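Derivation of every value follows stated rules applied to the coordinates shown; laboratory data play no part. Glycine gets a Cβ as well: all are built from the backbone with ideal geometry, and neighbour counts include every protein chain shown.
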Amino acid sequence: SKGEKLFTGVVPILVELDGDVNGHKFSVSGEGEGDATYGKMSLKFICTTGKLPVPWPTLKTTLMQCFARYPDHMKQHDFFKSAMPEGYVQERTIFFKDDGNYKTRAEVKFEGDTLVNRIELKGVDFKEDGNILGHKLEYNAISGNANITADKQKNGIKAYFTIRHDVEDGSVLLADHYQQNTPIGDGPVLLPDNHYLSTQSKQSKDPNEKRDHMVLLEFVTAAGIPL
């Protein structure tokens, strides 16, 4: 696809998130640049409705795998880039153990020159005193592997992985992600063989930013097929 070509230089990123967890509505915008050759994303995320009613780290996976660096020999398995510019739908259920789940739906596509990630997120039945709504999560960078497999009956892909979140009482809150992605356009796409994306994240704060925010630097690289 020509879509792989759309990603050879640096690409402006816009992220929009409409959320709702146990009623508390919130919104997060994100702005930055992705440079897929290096697998790099640099982004700043702000909560535009005031304080964020969940921990940022729990929103990280939801807030562009099209920006991953596919080794040249794996590039026949790059579904994300093949779907562009029409984009793809990315849905997830994220099951936090001993607490509620988030259901998320997003469209990742080009709008003019910009890569837009548009998200609806929705969580119910969380514990008002659990470690999410009571803000009891530590603020660490989330790294790990997303495990990809073709889903040919749906012309797209699925992923599955578990993020481990360090809690403040010294414990671990496990978050099981079940992902499904399906192409928005009707063009041909690349339906990969099994592989994973390796993410290396660096989370920080702009000190002079006074709004609730998260500053991210990400590196994502595809792997698990040898040649």
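Quickly run through region 89-135 and pick out the residues that are among the β-branched types (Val, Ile, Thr) and within 18 Å of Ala175 (Cα to Cα). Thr93, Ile94, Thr104, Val124, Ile132 - these are the residues of region 89-135 that are among the β-branched types (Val, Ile, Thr) and within 18 Å of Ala175 (Cα to Cα). Just one of (1) within 19 Å of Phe26 (Cβ to Cβ); (2) among the charged types (D, E, K, R); (3) touching an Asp or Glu at 6+ places or on another chain (Cβ under 6 Å); (4) buried (at least 18 other Cβ atoms within 10 Å of the Cβ) fails for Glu120. It is (4). The residues of region 60-72 that are in contact with a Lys or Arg (Cβ under 8 Å, 6 or more places away or on another chain) and assigned to a helix (DSSP H, G or I), listed by number, are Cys66, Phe67.
Sort out which residues of region 175-194 are touching a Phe, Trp or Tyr at 6+ places or on another chain (Cβ under 6 Å) and assigned to a strand (DSSP E or B), and write them in order of number. Listed by number, the residues that qualify are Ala175, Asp176, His177, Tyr178, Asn181, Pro183.
Within region 7-29, the only residue that satisfies the criterion of being farther than 28 Å from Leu52 by Cα, surrounded by fewer than 19 Cβ atoms within 10 Å (Cβ to Cβ) and within 20 Å of the chain's Cα centre (by Cα) is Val10.
Scanning region 195-225 for residues that are farther than 19 Å from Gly39 by Cα and either basic (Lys, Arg) or not in a strand (DSSP E or B) (or both) turns up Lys205, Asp206, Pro207, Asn208, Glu209, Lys210, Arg211, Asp212.
Conditions (1) among the basic types (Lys, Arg); (2) under 19 Å from the mean Cα position of the chain (by Cα); (3) under 25 Å from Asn140 (Cα atoms); (4) buried (at least 17 other Cβ atoms within 10 Å of the Cβ), marked per residue:
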{"position": "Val172", "(1), (2), (3), (4)": "no, no, yes, no"}
{"position": "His177", "(1), (2), (3), (4)": "no, yes, yes, yes"}
{"position": "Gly187", "(1), (2), (3), (4)": "no, no, no, no"}
{"position": "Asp193", "(1), (2), (3), (4)": "no, no, no, no"}
{"position": "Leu197", "(1), (2), (3), (4)": "no, yes, yes, yes"}
{"position": "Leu217", "(1), (2), (3), (4)": "no, yes, yes, no"}
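One residue stands out in region 85-120 among those that are over 19 Å from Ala68 (Cβ atoms) and among the small types (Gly, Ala, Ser): the one that is nearest to the chain's Cα centre (by Cα), namely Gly100. Residues that are closer than 17 Å to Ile157 by Cα and either buried (at least 23 other Cβ atoms within 10 Å of the Cβ) or among the β-branched types (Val, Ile, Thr) (or both) within region 98-115 comprise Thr104, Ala106, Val108, listed in sequence order. Can you find a residue that is touching a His at 6+ places or on another chain (Cβ under 9 Å), assigned to a helix (DSSP H, G or I) and crowded, with 21+ Cβ neighbours inside 10 Å anywhere in region 80-97? No, that holds for no residue.
Right, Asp151: touching a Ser or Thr at 6+ places or on another chain (Cβ under 9 Å) and of a type in the set (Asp, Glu) or not? For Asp151, the condition - touching a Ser or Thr at 6+ places or on another chain (Cβ under 9 Å) and of a type in the set (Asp, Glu) - is met. Entry remark, region 116-140: residues being small (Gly, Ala, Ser) and within 30 Å of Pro85 (Cβ to Cβ) number 0 in total. Residue selection: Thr162 fails the criterion of being among the hydroxyl-bearing types (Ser, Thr, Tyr) and more than 24 Å from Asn22 (Cα to Cα). Residues that are part of a loop (DSSP other than H, G, I, E, B) and surrounded by fewer than 20 Cβ atoms within 10 Å (Cβ to Cβ) within region 34-59 comprise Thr48, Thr49, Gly50, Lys51, listed in sequence order. Just to be sure before I move on: is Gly134 surrounded by fewer than 21 Cβ atoms within 10 Å (Cβ to Cβ) and over 24 Å from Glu33 (Cβ atoms) in the structure I sent? Against the criterion (surrounded by fewer than 21 Cβ atoms within 10 Å (Cβ to Cβ) and over 24 Å from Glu33 (Cβ atoms)), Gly134 qualifies. Of the residues making up region 1-29, those that are over 15 Å from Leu121 (Cα atoms) and part of a strand (DSSP E or B) number 5.
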